[PDB]
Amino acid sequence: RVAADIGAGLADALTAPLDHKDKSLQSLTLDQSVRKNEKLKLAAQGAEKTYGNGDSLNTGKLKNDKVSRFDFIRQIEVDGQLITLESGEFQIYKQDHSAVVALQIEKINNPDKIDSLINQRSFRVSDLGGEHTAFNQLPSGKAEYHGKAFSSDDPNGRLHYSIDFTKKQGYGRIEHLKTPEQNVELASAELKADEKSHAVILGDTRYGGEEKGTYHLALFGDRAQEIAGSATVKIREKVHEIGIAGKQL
């Protein structure tokens, strides 16, 4: 009930201009969710907007600490035809300094009939952004983060994570997902700078006392108020992706 209470933010995000006085995070650049030859149509609450690579999503209009959901289609022009490559649901979790996007795919183009769709489900974490914390401007001390872990058909996992800025080390946990084996250790890993000199943590996921995949957490906010990113976990023969985001209380 509370999770489903997203106000009128979906229609508003699709139809309103960026207003930097709106509640932060005010916008997210869409880069991973739509590639340069593609277009992404998001629809909800009676509205629709077309996005291309590099376009801004107006997260300022969306509810904080909730997953906002949009129906999407992904299209491309190929050989004189407008082809739908994917259709599904675009899920975005909004915080004060950060946002993370996951895509639940429902249909893809038929590989043998490109202008028709077939059912084929998958789930991936795509865009991740906000006010990145500069690695050279990290806060002092330590911090604990609480928030959401969301995977395919399961938005009710929890994230708990601890960073010691002085030791430049982080570790944490994914809890409460319905699939037991998704509730991985986010094993201790080094806090370091990425290519853009942003503070990030790249670590292993573990379950059953073995490595099962990797996780990526980026720090956001001038005091690293928040973290957001993704985790992968291999369960049987399949790799599962999990969106994760949290904030200091």
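Start at 1 with the first residue shown and count on from there.
A.B. asks: Would 195-203 or 212-220 have the larger average of its C-alpha temperature factors, as given in the entry?
C.D. replies: Going by the record's values, the stretch with the higher mean is 195-203.
A.B. asks: Take the C-alpha B-factors listed in the entry for 235-243 and for 9-17, compute each mean, and give the stretch with the larger one.
C.D. replies: Result: 235-243.
A.B. asks: Of the choices 166, 95, 152, 75, which one's C-alpha carries the largest B-factor in the record?
C.D. replies: By C-alpha B-factor in the record, 166 ranks first.
A.B. asks: Per the coordinate record, which of the options 89, 86, 175, 131 holds the highest CA temperature factor?
C.D. replies: 131 has the highest C-alpha B-factor of those listed.
A.B. asks: Select lowest, middle or highest to describe the third in which the CA B-factor of residue 45 falls within its chain in this entry.
C.D. replies: CA B-factor rank for residue 45: lowest third.
A.B. asks: Ranking the modelled residues of this chain by C-alpha B-factor as given in the entry, is residue 32 in the lowest, middle or highest third?
C.D. replies: For residue 32, whose C-alpha B-factor we compare with every modelled residue in the chain, the answer is the highest third.
A.B. asks: Going by what the PDB entry lists, where does residue 139 fall on CA B-factor within its chain: lowest, middle or highest third?
C.D. replies: Highest third - that is where residue 139 ends up once the chain's C-alpha B-factors are sorted.
A.B. asks: How does residue 116 rank on Cα B-factor within its chain, lowest, middle or highest third?
C.D. replies: It belongs to the highest third of the chain when residues are ordered by C-alpha B-factor.
A.B. asks: Using the B-factors in the PDB entry, rank residue 147's C-alpha atom against the chain and give the third, lowest, middle or highest.
C.D. replies: It belongs to the lowest third of the chain when residues are ordered by C-alpha B-factor.
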